[PDB]
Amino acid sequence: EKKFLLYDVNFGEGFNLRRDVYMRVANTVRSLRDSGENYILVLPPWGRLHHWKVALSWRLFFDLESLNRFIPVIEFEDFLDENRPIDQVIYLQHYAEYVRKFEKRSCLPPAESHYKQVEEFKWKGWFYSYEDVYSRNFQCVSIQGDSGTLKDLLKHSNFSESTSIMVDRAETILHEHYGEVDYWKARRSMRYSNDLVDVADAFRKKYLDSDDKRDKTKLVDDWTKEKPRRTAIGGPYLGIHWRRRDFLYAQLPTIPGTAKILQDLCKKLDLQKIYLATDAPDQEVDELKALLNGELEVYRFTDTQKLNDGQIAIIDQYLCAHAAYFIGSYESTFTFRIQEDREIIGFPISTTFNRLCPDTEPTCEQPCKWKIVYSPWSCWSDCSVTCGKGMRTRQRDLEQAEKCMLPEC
């Protein structure tokens, strides 16, 4: 009666969107188990951070014991040690576009490039790069819905003989109860690897004169014992996430524009240290440094010898999340994860939900304050996706949805 949910996401998606998808799928498993079904979530191995650069365990990035407190999880390679083929692949796809529904349908592009039947009950696919993994069955399902809709799909009678089901294009589903208790439980469960935390904490204490005791950012080991608070101070530094490439292809500051913002914030807050999270090339960083007043110092984690890119991103995000004040980039999922981290640490909202303005719009739109939780319309949710076709939703009809169209993956 053990059942396994596997999943994957559109190949062109980034690390931080995938982290969001985890929570969608975790909540599906939570619902499944609350309805009496003994489902285990199989964690999909991580791949390349940059598309211009395989099979990495979650334990490199996240603390599995924390994830396990919300739902039972295992690594893909632990799933493989049960020597059971995958019974079913369901490839989610969109309806051409407020109505929750699903149906098995003919495969839209590009599903038939991704899976190939070689025998009656043998379908090949990428399967995270693992040779010798196959599925007994494959189909496409059009779906418009959330974790609850996916629960319903998974309990369909067509799969009642399947103990292992893989849901591809999992980013197709939305959150149920966006910004509410179960959303935040799923997010709170995603504690970073202790090894990453130790690395980041050594950097905080050495370079940023920052530690949990003086910063008032002590967190209990067990995230389920977290209590609400707004008393975090953080370290004596300004955290900035500085995105230079515009993945929406107007919305980002120039290099001088950024220097001005940083200088104003540093004066207003009496800060002399800046922790800069960026992949900007060295000459643009040097330009930015040269434009800053001489008493401000910029820091970056760059002792990255063994660390892969996802680990560095998490370190960057953890360092930003422990700043006294954070300012991030427009519509960036990297930024959104930092905002969530600061919510969990228990920082005042004013220090958290801040976005860099472009040079022409000094009072630009600032991000919605999705606050941790333990009518007029709500804010629109963040997009379900960072490239291609997705949706936002609004709640208070008591629920609404709209397309968000992003550039091609």
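All residue numbers refer to positions in the sequence shown, first residue = 1.
What size is the break between residue 374 and residue 375 in terms of deposited sequence residues left without coordinates: none, 1 to 3, 4 to 9, or 10 or more?
-> In the deposited sequence, 10 or more residues between these two have no coordinates.
**Asked** Of the two stretches 337-345 and 352-360, which shows the higher Cα B-factor on average in the entry?
**Response** Higher mean C-alpha B-factor: 352-360.
message: When the Cα temperature factors in the entry are averaged, is it 213-221 or 110-118 that ends up higher?
response: It is 213-221 that shows the higher mean C-alpha B-factor.
### Task
Specify which of 75, 295, 146, 168 carries the largest Cα B factor in the deposited PDB entry.
When the deposited C-alpha B-factors of 75, 295, 146, 168 are compared, 295 is largest.
Based on what the PDB entry reports, which of 195, 87, 201, 82 has the top C-alpha B-factor?
So the option with the highest C-alpha B-factor is 82.
Practice prompt. Please place residue 281 in the lowest, middle or highest third of its chain by C-alpha B factor as given in the entry.
Written response: As the PDB entry reports it, the C-alpha B-factor of residue 281 lands in the middle third of its chain.
Ranked against its chain, the third holding the CA B-factor of residue 391
Highest third.
**Message:** Could you place residue 300 in the lowest, middle or highest third of its chain by Cα temperature factor, using the values in the record?
**Reply:** Ranked within chain, residue 300 CA B lands in the middle tercile.
Is the Cα B-factor recorded for residue 129 in the lowest, middle or highest third of its chain?
-> For residue 129, whose C-alpha B-factor we compare with every modelled residue in the chain, the answer is the lowest third.
- request: Determine, from the deposited record, the chain-internal third of the Cα B-factor for residue 253: lowest, middle or highest.
  value: Answer is highest: the recorded C-alpha B-factor places it there.
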